[PDB]
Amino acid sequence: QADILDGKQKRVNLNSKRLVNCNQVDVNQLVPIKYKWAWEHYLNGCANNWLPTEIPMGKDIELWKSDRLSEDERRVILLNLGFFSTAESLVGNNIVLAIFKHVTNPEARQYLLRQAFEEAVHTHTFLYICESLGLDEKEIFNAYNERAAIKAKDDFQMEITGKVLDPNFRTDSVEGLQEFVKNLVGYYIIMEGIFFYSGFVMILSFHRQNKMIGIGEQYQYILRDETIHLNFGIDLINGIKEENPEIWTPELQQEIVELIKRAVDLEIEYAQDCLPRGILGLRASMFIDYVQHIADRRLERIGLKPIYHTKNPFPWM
């Protein structure tokens, strides 16, 4: 039996748990779980475990070093490796330094720990593809300083990363929680849900034609993870809105649509840099449509109306 009798009064009540600002209850005990969707995404992520180096790169190395790829095909590969190599760190660092501190719920934190480890796996994937192909990884990982279209995306991402890191930042004010929700939209909806999906189409287009299949297979594994990351983020944003409805004002709704519009513009500029002429039958115009179409699907999932209405040119995605 208990030898500290008062301790029995401290067991956590299911109905007292909340996703943010929950400080009146012990957030170190996992049970009783309230947000079962977080536990399910955690189990699903654990089941998807993979390591990049189980995927062979020999065929990719022989093709990359041959004269069989055009300069335009190489450029698509190099720009995506440049963008993804540091963006995975940007996402993993934000989960840990910004999101976990403020999501005051153990089962959602359990999922965040799996998501941040998967982003570490994604970074390892890019080091492995650089070292396998013989690229100078110090140049590829610094692409966000050397290539304008990539720097513009990442500088935009910092516009929602800085506030939540301030030593005095708190979510126990309407404005503070709105700022935290914009960070979640920026990382889950925009970086993982729009910026990365655009690079997936480009790389998976090579894989579909039996080219650079080792890199293609790694991106298939990253997309399977990203699908759960986006789904968790959408559940967390909608769960926070439901529990704190006074933050979902027309002003915040419009600021979120403006952020997504800005992100679509930057991603179209990056697709143009990736495809100045076109490869594999892809043209940059197909991206103006695809990026706009997925932006609309992300707006719908968080309760906002589509704004572009464009059809999807890549049904296989």
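If you superpose the two forms and keep the largest set of C-alpha atoms that fall within 1.5 Å, you have the rigid core. One-based numbering along the sequence shown.
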Quiz item: When the other structures are laid on this one by the rigid core, do the CA atoms of 89-97 or of 157-165 sit farther away in 4 other deposited structures of this protein?
Solution: 157-165
Quiz item: 301-309 versus 7-15: which one's CA atoms end up farther from this form in 4 other deposited structures of this protein after a core fit?
Solution: 7-15
Quiz item: Mean CA B-factor: is it higher for 20-28 or for 299-307?
Solution: 20-28
Exercise. Higher average CA B factor in the deposited record is what I'm after, so tell me if that's 158-166 or 126-134.
Key: 158-166
Quiz item: In the PDB entry, which of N93, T86, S205, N183 has its C-alpha at the highest B-factor?
Solution: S205
Quiz item: With respect to the C-alpha temperature factors reported in the PDB entry, which of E118, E246, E107, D235 ranks highest?
Solution: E246
Practice problem: Could you look up the Cα B-factor of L223 in the entry and say which third of the chain it sits in: lowest, middle or highest? | Solution: lowest
Quiz item: Compared with the other modelled residues in the chain, in which third is the CA B-factor of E269?
Solution: middle
Quiz prompt | Chain thirds of CA B-factor: placement of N145 | solution = middle
Quiz item: When the modelled residues of the chain are sorted by Cα temperature factor, does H41 land in the lowest, middle or highest third?
Solution: lowest
Self-check item: CA B-factor ranking of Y197, expressed as a third of its chain
Solution: highest
